[PDB]
């Protein structure tokens, strides 16, 4: 209904519309808890699309062509805990776009074109525990971006970071148990030293992968966790 597989789980229907040629969201025929919309061709999502769905606990929008997301799109969605939005084309993230998600725990937005995260974007989802932001076009993070949430795992690898500000952005990262930061063009200079120290003051296994330098040329693929500060900045 219509043309998509359906089944119900205690105590909630599940909808499987994957690899089906789907242009928009308003083209369907509630008590729907799980909605699978992966590998389709959805250009954008609007408030109107999810007014009907208020019982969703899992919303998978993967490998779509989502370019824009209207403000207050997920406002009526309070049962939603897991939101997959990967391999889409999201330019920026704002607080207004994620309003309404109070019980969201896991947010995945990897392989997008995210170039900027607006201040207090993640204040919208207070119960957020896992944040996936890897493989994007990020080059900087705003102050107090992680102030609103207590994250256990964060994935920022494969972006375009050359440095990271500790005060206001990384110092507010508590309850951290896993963090990923690789494939990033780190520069070994006087600017990377504060980030180096924070990474050294981290837990033994909280850092998932080793961080290696990109510039200058003389420190190519060299773990700066081992290097001394005088080598980097005399």
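Positions refer to the first chain, counted from 1.
Visitor: For the step residue 11 to residue 12, what size class fits the number of deposited residues with no coordinates, none, 1 to 3, 4 to 9, or 10 or more?
Guide: Going from residue 11 to residue 12, the model skips 1 to 3 residues of the deposited sequence.
Visitor: Scan the PDB entry between residue 29 and residue 30 and report the missing deposited residues as one of none, 1 to 3, 4 to 9, 10 or more.
Guide: Just 1 to 3 residues are missing between them.
Visitor: On mean Cα temperature factor in this entry, is 214 to 222 or 12 to 20 the higher one?
Guide: Going by the record's values, the stretch with the higher mean is 12 to 20.
Visitor: State which stretch shows the higher mean Cα B factor in the entry: 71 to 79 or 127 to 135.
Guide: Comparing 71 to 79 with 127 to 135, the higher mean C-alpha B-factor belongs to 71 to 79.
Visitor: From 205, 180, 60, 187, which pick has the Cα B-factor that tops the rest in the entry?
Guide: So the option with the highest C-alpha B-factor is 205.
Visitor: Identify, among 158, 115, 102, 87, the residue whose C-alpha carries the highest B-factor in the deposited PDB entry.
Guide: Most elevated C-alpha B-factor of the set, per the entry: 102.
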